[PDB]
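Reading through the structure tokens given below for one structure.
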Amino acid sequence: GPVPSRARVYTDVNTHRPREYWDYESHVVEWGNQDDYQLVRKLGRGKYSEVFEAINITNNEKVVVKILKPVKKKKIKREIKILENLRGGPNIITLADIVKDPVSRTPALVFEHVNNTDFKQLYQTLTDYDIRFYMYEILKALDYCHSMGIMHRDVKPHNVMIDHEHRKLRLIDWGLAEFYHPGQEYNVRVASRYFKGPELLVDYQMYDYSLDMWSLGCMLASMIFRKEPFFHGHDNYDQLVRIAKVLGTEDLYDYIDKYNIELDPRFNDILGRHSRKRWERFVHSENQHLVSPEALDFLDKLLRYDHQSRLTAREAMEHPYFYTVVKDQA
Ligand SMILES: O=C(CCC(=O)NCCc1ccc(Cl)c(Cl)c1)NCCCCNc1nc2cc(C(=O)O)ccc2c2cnccc12
């Protein structure tokens, strides 16, 4: 069978916690009344949720209401308990209330509101400093939740709020987040295609926090090269082909052989033979102003087949790419 794997940081933090910290299936939820909040308008819809701007009528504060589409009650307790465990952590969205509509009885989460910016205008004026500043802020949120025994598993642009007038960032949607336990085998059908780590695409199930750091590397690559998404695959299998055409196929096959992964019979005939590309091949006149040796060095250290050899959140925050943003934060 497959060769085991353990996270090389924060490996046992959940085992040293009280059982109730991670045993979310027995978390008792106190359901308030959604009639404390008046919905203003729809902000988005997903597989697992519809999200609304709303007003807290008690104090007129703008707020956000996520009405959960019908999932296993388990998964709702999971998201609540993760949100409750991370409350007050750096750049993690704050859960404000837990309610049920009194007529429909369906469960919903109330979150803090973030005054987002025109992202269309943001990505057309992005500076090199902006990318380094907000990458750093996302890393603060990942290192914290990782240190708290929790993988986000759905890191992607849609899940980063930014109030640029206030340089304020929040990591949202913890509905796929999960507790890390050494030796546990997780569902690979998580995250969005363009950000899925190779471990998800080859059905390696004993993955860990390092899955988030792949996803972060996909974000980095699309920003600095102005190509979104960076790996644009038609399906899950063509997703690994897109990656193979860049990271190369020697390395992917060492990865398979190292963890003794049984590769799908579909993949043999489509992965081919491909050289590892030099990152220069994705630089051009319209994106060079965001590319630098340190940027590329940091990106290359995030996008590794082998989850174990990618940078940890904390290692990432010590990379030279962030030297000037760390300085200015003092
Ligand atoms: O607008 C976007 C595009 C997000 C985007 O492109 N960002 C910039 C990426 C980026 C750019 C530059 C850099 Cl340099 C980097 Cl690194 C990254 N997506 C949101 C649509 C859904 C509805 N929005 C709200 N959903 C919530 C969901 C929850 C939850 O489920 O927990 C909690 C709270 C909220 C919430 C709170 N306040 C306001 C709105 C919402």
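Residue numbering for the sequence shown is 3 to 332, as defined by the deposited numbering. Each residue gets a CB set at the ideal place from its N, CA and C atoms; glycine is no exception.
Q | Beta-carbon proximity of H115 to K64, cut-off 7 Å | A | At a Cβ-Cβ threshold of 7 Å, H115 and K64 count as neighbours.
Q) Does ligand 1 have even one heavy atom less than 6 Å from the beta-carbon of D165? A) With a threshold of 6 Å, the Cβ atom of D165 does not count as near ligand 1, since no heavy atom of the ligand is closer than that.
Q. Do the stretch 49-60 and the stretch 161-170 make contact, defined as three or more Cβ pairs closer than 8 Å?
A. The answer is no - the stretch 161-170 does not touch the stretch 49-60, with fewer than three Cβ pairs under 8 Å.
Q.
In the DSSP output, which residue or residues are listed as bridge partners for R80?
A. Per DSSP, none; premise fails for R80.
Q) Within 6 Å: the Cβ of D175 and any heavy atom of ligand 1? A) Because some heavy atom of ligand 1 lies under 6 Å away, the Cβ of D175 counts as near it: yes.
Q | beta-carbon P104 near ligand 1 non-hydrogen atom, thresh 6 Å | A | Ligand 1 has no heavy atom closer than 6 Å to the beta-carbon of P104.
Q: For my contact list, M215 and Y182 are in at a C-beta cut-off of 8 Å; report their separation, rounded to the angstrom.
A: Rounded to whole angstroms, the Cβ separation of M215 and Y182 is 13 Å, and the two are not in contact under 8 Å.
Q.
Taking 8 Å as the cut-off, does the stretch 296-312 touch the stretch 247-259 (at least 3 CB pairs, one atom from each stretch)?
A. Counting Cβ pairs under 8 Å, three or more are found: they touch.
Q.
Just to confirm the assignment, what range does the alpha helix (DSSP H) spanning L222 have?
A. Per DSSP, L222 belongs to the alpha helix (DSSP H) from 212-227.
Q: Identify the continuous beta strand (DSSP E) that holds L171 and give its terminal residues.
A: It spans 170-173 - the beta strand (DSSP E) in which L171 sits, taken as one unbroken run.
Q.
Checking the sheet assignment: what are the DSSP bridge partners for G34?
A. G34 pairs with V101.
Q.
I'd like to confirm the pairing. Which residues does DSSP put opposite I258 in its beta bridges?
A. Bridge pairing for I258: absent [DSSP].
**Q.** Alpha-carbon to alpha-carbon, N16 and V66
**A.** Rounded to whole angstroms, the gap between the alpha carbons of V66 and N16 is 30 Å.
Q: Going by DSSP, name the residue or residues bridged to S51.
A: Looking at the DSSP assignment, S51 forms a beta bridge with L70.
Q.
Can you determine whether any heavy atom of ligand 1 sits closer than 6 Å to the C-beta of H321, and answer yes or no?
A. Flag unset: Cβ of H321 not near ligand 1.
Q.
For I57, list the residues DSSP reports as bridge partners.
A. Answer is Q40, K64.
Q: Please classify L45: does DSSP put it in a helix, a strand, or coil?
A: Here DSSP, grouped into helix, strand and coil, assigns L45 to strand.
Q.
Looking at ligand 1, does it come within less than 6 Å of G199, judged from the CB to the closest heavy atom?
A. No heavy atom of ligand 1 is found nearer than 6 Å to the CB of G199.
(Q) Can you list, in chain order, the residues of its chain with a C-beta nearer than 7 Å to that of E288? Leave out the 5 residues immediately preceding and following it. (A) Within the same chain, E288 has close Cβ partners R228.
Q) Going along the chain, which unbroken runs of the alpha helix (DSSP H) with 4 or more residues stay wholly within the stretch 294-328? A) Listed in chain order, they are 295-302, 315-319.
Q: Keeping to the same chain, check which residues put their C-beta closer than 8 Å to that of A9; ignore five residues upstream and five downstream.
A: Beyond the five residues adjoining it in sequence on each side, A9 comes within less than 8 Å, by CB distance, of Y182, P184, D210, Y211, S212 in the same chain, given in chain order.
Q: Out of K142, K102, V293, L88, state which residue places its alpha-carbon closest to the alpha-carbon of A179.
A: Residue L88 is the option with its Cα nearest to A179.
Q: Check each candidate in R195, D299, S7 and name the one with the smallest Cα separation from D156.
A: Taking each of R195, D299, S7 in turn and checking the Cα distance to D156, the smallest one comes out for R195.
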